[PDB]
Amino acid sequence: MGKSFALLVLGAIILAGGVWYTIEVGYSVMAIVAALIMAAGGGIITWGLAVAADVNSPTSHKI
Amino acid sequence: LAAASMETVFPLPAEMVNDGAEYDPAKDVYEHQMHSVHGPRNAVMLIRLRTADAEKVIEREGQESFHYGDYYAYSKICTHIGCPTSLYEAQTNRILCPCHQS
Amino acid sequence: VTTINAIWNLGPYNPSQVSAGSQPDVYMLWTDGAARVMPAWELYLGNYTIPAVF
Amino acid sequence: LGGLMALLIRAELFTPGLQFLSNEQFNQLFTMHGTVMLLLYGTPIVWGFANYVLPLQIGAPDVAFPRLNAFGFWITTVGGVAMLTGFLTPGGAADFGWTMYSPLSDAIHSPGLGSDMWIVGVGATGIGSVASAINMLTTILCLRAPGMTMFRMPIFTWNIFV
Amino acid sequence: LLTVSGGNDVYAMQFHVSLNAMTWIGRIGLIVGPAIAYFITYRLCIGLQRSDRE
Amino acid sequence: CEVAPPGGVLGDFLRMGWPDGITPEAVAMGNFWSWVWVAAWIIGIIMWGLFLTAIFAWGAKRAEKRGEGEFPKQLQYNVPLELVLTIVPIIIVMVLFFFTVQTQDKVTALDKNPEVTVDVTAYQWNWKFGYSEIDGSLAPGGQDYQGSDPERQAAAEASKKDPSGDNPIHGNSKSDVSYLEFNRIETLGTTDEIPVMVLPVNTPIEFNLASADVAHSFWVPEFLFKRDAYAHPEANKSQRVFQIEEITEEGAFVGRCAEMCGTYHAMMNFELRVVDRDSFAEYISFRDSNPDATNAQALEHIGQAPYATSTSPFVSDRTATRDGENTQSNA
Amino acid sequence: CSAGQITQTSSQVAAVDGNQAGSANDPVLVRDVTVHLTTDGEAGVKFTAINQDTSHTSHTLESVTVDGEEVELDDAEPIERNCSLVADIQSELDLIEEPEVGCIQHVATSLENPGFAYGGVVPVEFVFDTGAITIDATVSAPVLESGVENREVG
Amino acid sequence: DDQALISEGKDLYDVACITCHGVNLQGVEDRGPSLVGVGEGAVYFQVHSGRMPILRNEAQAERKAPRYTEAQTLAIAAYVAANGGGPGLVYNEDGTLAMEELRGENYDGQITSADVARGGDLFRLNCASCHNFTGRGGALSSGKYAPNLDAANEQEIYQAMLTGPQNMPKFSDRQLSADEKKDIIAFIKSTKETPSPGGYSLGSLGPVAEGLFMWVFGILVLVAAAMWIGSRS
Amino acid sequence: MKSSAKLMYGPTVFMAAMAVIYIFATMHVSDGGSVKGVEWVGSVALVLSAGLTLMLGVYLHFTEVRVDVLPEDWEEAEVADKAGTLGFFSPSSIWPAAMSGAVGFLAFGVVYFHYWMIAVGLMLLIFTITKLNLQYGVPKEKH
Amino acid sequence: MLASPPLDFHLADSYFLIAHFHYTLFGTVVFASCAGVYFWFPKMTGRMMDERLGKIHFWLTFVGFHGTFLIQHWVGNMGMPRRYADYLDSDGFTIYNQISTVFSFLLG
Ligand code: HAS
Ligand code: HAS
Ligand code: HEC
Ligand code: HEC
Ligand code: FES
Ligand SMILES: [Ca+2]
């Protein structure tokens, strides 16, 4: 529920943008940056999952 | 000089030379020679390079033919404030001035 | 009890020779340090030049 | 600070070939990552939580030796900065792993002052830890609240005692 | 900073910090270090007079 | 162990990435590892289940919806169950230690009767192998081959004292090298070539480790074993000899250094090449007969790769390696 | 910062007059190639040809020349893998011992001086059975027996 | 005698130096230079002072506790000399390496002060720019430095001048002849081994040491005296 | 301080027993994969670790036989029992930071091994320690 | 598993050891120190931490950690030693290091 959908979807392409670039460039310095893009995508994925976790089971009830 | 070596040289006019085959034991040239050593602006670093390093020299426009083989000869007086430079790094090939680290 | 300015091992002055540690006295080191930290900005104007030490 | 070095290690091991580190820099990186993470993060965070929580749990106003506790804090930070000063050396910091096995740490086999700075940074940290421990024993032995027998203490302060 | 930049030839030789690093420490420090000094000194003075009032 | 793993995909999972191994004690270590992993998986799942039960079953919202109230039973002590749960790990680690002692002792025992003994020298940063003794079956001469070089080892024994006299370390010179064995048949590892030690199949083999410089370690992943090589192993009270009952299959196998020795610790690879027993006699007779010939020439004489096929030498340039092609073309 | 991939201690070459050719990947290397010309006028070519061909294709120095001019050298054995043919003028070659252990061999050289100048640089062309190697080398005097010579004014 | 010494030289060389210098002294691509033609003196200087082996690529190699003794050093030098020769060690009149007999052109049993004068002017001309007036060392670019000369013996000084170890220029025996080199050794040892007449030397680093001493501790003690004599309010 | 004085007897006896067991073990067991012979490192450490814990335990017990029935140890004590002065505690002091800096200077001195740094560090260290120990007893300003 | 010698002969000083002590240290120190910070932030400050940011932090650290270090058991077993700065393409453990690195950046 909530932002978790979009925050996941925004990540799912960025992660796809990362790994693709990783399989494009050879072993090089830019492969490091490709790894960083891929990991940023994974982080936004988990960020979406964690806001979903908070929405499913709130523990700070009153805003 | 051997390769990658340095020596400070001064101007020595032919008249005030008393060495070699011309050596006269009773010719007092010391005063003028020392008077040439103590000139403010006439000490020059003569540098013999390695052949490998003489390949990658860049010549200045107009100073094309100044070298004589491996031998180059720069002025020892720093262009900043005029301390003797005198710190010739034999591998990095950087002449260094101790006064302010040029 | 402490030696200061042991001139006898410096030798007489001649303009072709210099040492690695050749700083001025302590109270002048500030005006040495300025000359060490200036980034070599020098002006050329036709027949004239303002050196980097101005 | 240590985790940044860890990430540099991982970035270098992402693919074969030395992309941006050398062998020497990689060695120094894992050495200093291990040292700072074990000795500058772990033991100081242990003693920090001990210092805050233990007097509240045992019902005391203050630790047994306050100035000794402050000395422990400051000497630990001094040791940390000494340990990290090795990177300012042209040759870099220590490079022999956080264990510092010999003969690799000998004068023959480990020149450069970074190898020495490790030794002092660790030592300054170690006495900082000891100065923190002197309190926690003496505090529990001497400043407990009325009615708080030894076996009514919380488990945390038991662990800190041991 | 001006003084120790004047003496950095000796400082780098003794304490084993690179001579270029010393010149750049002098350069960037003559901007940055004064600001840090001002900040810390100001806050410490305010803390001192707060202890007096306390 | 004498009992083999479950096998199949379960064995592959329990393996879990170990090499299969090429010696008897490698098989023993692998089997023990597989069954220990079985027991570990049992414990892991049977406690992750309880944590999951806490996550899903013992939640507060469920019990409050059920009407349990604001608090649970407030139980603190169950002494008999506590004593039982204390006794359980005691027995588990005890019965584990029994098989640990069994497998460890059959691994480490130095009674395997070597036919070949190879002296190994570790140095910063490469390996040097030297055949120390060979049984008469494999030796060129019919009688047992002994490889210690008299003049070069005499120099080693003479290095112990009196370089015009320093003798600080217990009366010996600080640069003593009398603990190193110098042999006349030697393979010398270089940055231009990965050294290759040639061994036969199905013979008890012995390794005698030592180190010119800082401590190293000899690790062959296919032996599932590694041992530290120290300078002056007798002075360290370190056991410098270890024996393998045999190698069971031919092939080329990489071996690495597993001890942090210095800058080029990663570059210190070697290869262990196991060859048909009949070909080993040809190899040793070739190396003995014309010692000027290199190791690669002997390997050609066998009829196999002159250079280590398992690992190629690293590129020694610190800039060329950026694009990931850090491998030197041996030929 | 000094321990990076570009390092000052790593880029250094030997403090010798002799140039050098060949990478670690090349089959045959020439180290310390120099044109010697003693004060007495005699001359020659100092060098060391090291064989490291992983194909084990043992070579034989067919010829060496300085600016196309011949240099005399004889009795050069083939150089199999991991072997060094050290060449120098006979007077300097006599100063060092031939090693009975190891593959090294010593060979003498001599060339007629066409008028080479001390300080300058001249090409040197080696040709072995497997190919030719070209390298510029400087001209200088041999090293004195250390400690014997004083500065003499006349 | 040398023929059997070369064997120990080879055995020691194979077990330490190959990783940087190759089996045939050809060098390695970025890991170490070629050692063809360096000679006995370079090996003696590098090993006896303990600079070699270098276990870390750095701005500069470091002196340290030597990994080999004297006889092993001469053995390795003999092995390297067999590959092309080079500058040689200064052997005395009986065959031992010259120590204490290099202290001046006119050495008899004590340092002659005329040699000390000439060597002082020579050292100020050539050596004192990278080192300092009395050889206390100095700094260079990008983390390199000129060491303090108090550690070396006379043979090490001579071979240092002869070989030009890393960034030091070579001083061949026809640029600085043996008389000049021995006078330089005499001046170095005189400055090393003579106490300062004017009390504690402060390291002879020059104005920096004197400044630091006074401007910190000398003024601190006098403000302490002032606090003794004055009041805090 | 009764319970903590007496609970230290378990660790010390365990360490002592392990020390003697280990000394006999390493001096007798000629197992393969290891070298027979007593090792002094480790055995010395075990015996002096037992020594540390025994020193703590014996001093605490020797003290505790003197003290009375303190209310913190009385299982049914009231908050009024401990009313009075708890003791003297330092409110504030700059000297811990000062002597930490002094130790840092001394440590840096032994890093580079400049002898003047070691001497000045030791002098500064004893100065800062003395100023720490005399903080609450410096005389009033003598007019 | 590391405690038994016959397994330690292969496991010692490999990436298996790395994964083991990172599991124990990152669990006992990082996870539980964060637990302590969240637990005693009220008592240490008089304020309560943001719950949502806490859950985000936890899930990021958890998934990044297990991604980083669970796969290093396999490279340790396959033969990669600890403290290795460079490795060959032919060794056979480049993909596992790549998987480790991406989740390591997630940990960062
Ligand atoms: C906070 C930091 C650490 C903790 C905690 C820790 C816990 C253990 N470690 Fe460790 N570790 C080793 C063994 C253990 C054992 C037995 C435990 C214990 O705490 C484990 C007990 C914990 C449990 C959570 C037990 C399971 C729980 C339950 C409830 C069941 C009870 C047990 C049963 C039933 C028996 C298991 C049953 C089976 C069937 C297997 C060994 C060797 O036996 C090495 C050296 C290896 C080498 O060759 O270098 C080692 C290496 C290290 C290093 C190496 C650093 C370096 O080399 O530079 C570090 C920093 C480290 C940290 C830490 N380690 N450890
Ligand atoms: C408490 C103990 C430890 C913790 C926690 C720890 C955390 C990590 N470790 Fe580790 N470590 C490795 C990877 C990691 C990674 C990726 C993390 C992660 O926790 C790191 C991520 C966490 C971070 C926290 C960094 C993020 C930083 C950011 C995002 C920004 C930086 C910028 C600023 C401005 C910071 C803000 C500053 C302010 C003042 C606010 C690896 C391999 O991937 C090896 C073996 C490598 C080899 O070949 O030997 C290793 C080696 C060791 C060793 C052995 C060293 C030796 O053998 O000599 C030890 C004892 C150890 C302990 C510990 N390690 N580690
Ligand atoms: C790398 C692991 C090395 C080992 C082992 C040894 N040396 Fe070395 N050497 C190395 C480097 C990086 C350099 C260049 C930097 C420098 O300090 O000059 C050198 C240099 C030398 C030289 C100087 C040559 C010259 O022309 O002056 C010599 C004479 C030398 N090395 C000899 C030597 C010997 C005999 C060694 C084993 C006994 C030895 N070195 C070890 C790196 C390494
Ligand atoms: C700067 C260009 C230098 C000049 C001019 C001279 N030397 Fe030097 N020297 C220099 C360096 C960078 C080094 C270190 C070399 C290394 O590999 O570490 C040295 C070293 C010496 C030594 C050895 C000192 C030691 O502790 O072992 C000696 C004895 C020495 N130098 C003497 C010396 C003399 C007598 C000089 C004038 C003729 C001279 N050097 C010039 C840099 C420079
Ligand atoms: S006098 Fe040369 S840099 Fe200033
Ligand atoms: Ca890489």
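By Swiss-Prot numbering, chain H shows 51-283, in order.
Just so you know, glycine gets a Cβ as well, placed from its N, Cα and C.
Some features that Swiss-Prot has for this protein:
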| type | residues | note |
| --- | --- | --- |
| DOMAIN | H:54-134 | domain 'Cytochrome c 1' |
| BINDING | H:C67, H:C70, H:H71 | heme c 1 binding site |
| DOMAIN | H:164-242 | domain 'Cytochrome c 2' |
| BINDING | H:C177, H:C180, H:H181 | heme c 2 binding site |
| TRANSMEM | H:261-281 | transmembrane segment |
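Mapped onto DSSP classes, the domain 'Cytochrome c 2' (H:164-242) shows 37 helix, 5 strand, 37 coil.
Counting residues per DSSP class in helix, strand and coil order gives 39 helix, 2 strand, 40 coil for the domain 'Cytochrome c 1' (H:54-134). Taking the centroid of the Cβ atoms of H:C67, H:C70, H:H71 as the heme c 1 site, the other same-chain residues with Cβ within 8 Å of it are H:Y63, H:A66, H:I68, H:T69, H:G72, H:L75, H:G77, H:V78, H:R81, H:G82, H:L85, H:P103. Proximity of the binding-site residues H:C67, H:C70, H:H71, H:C177, H:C180 to ligand 4, judged by a Cβ distance under 6 angstroms to any of its atoms, singles out H:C177, H:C180 in sequence order.
Counting only the Cα atoms, the space from H:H181 (heme c 2 binding site) to H:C70 (heme c 1 binding site) is about 29 angstrom. H:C177 (heme c 2 binding site) counts 24 other C-beta atoms within 10 Å of its own C-beta, drawing on all protein chains shown. For the pair H:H71 (heme c 1 binding site) and H:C180 (heme c 2 binding site), the Cα-Cα distance reads 29 Å. Most Cβ neighbours within 10 Å, among the binding-site residues H:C67, H:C70, H:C180: H:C180 holds that distinction in the structure as shown.
Cα of H:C70 (heme c 1 binding site) to Cα of H:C177 (heme c 2 binding site): a distance of 30 Å.
With respect to their backbone Cα atoms, H:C177 (heme c 2 binding site) and H:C67 (heme c 1 binding site) stand 31 Å from each other. You'll find the Cα of H:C180 (heme c 2 binding site) roughly 30 Å from the Cα of H:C67 (heme c 1 binding site).
Cβ neighbours within 10 Å of H:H71 (heme c 1 binding site), excluding its own Cβ and spanning all shown chains: 22. Those binding-site residues from H:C70, H:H71, H:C177, H:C180, H:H181 lying by chain B, with Cβ under 8 Å from one of its Cβ atoms, are H:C180.
A simple way to gauge crowding: the CB of H:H181 (heme c 2 binding site) has 24 other CB atoms within 10 angstroms, across all the protein chains here. Listed binding-site residues: H:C67, H:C70, H:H71, H:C180, H:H181. Those with a CB under 8 Å from a CB in chain C, in sequence order: H:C180, H:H181.
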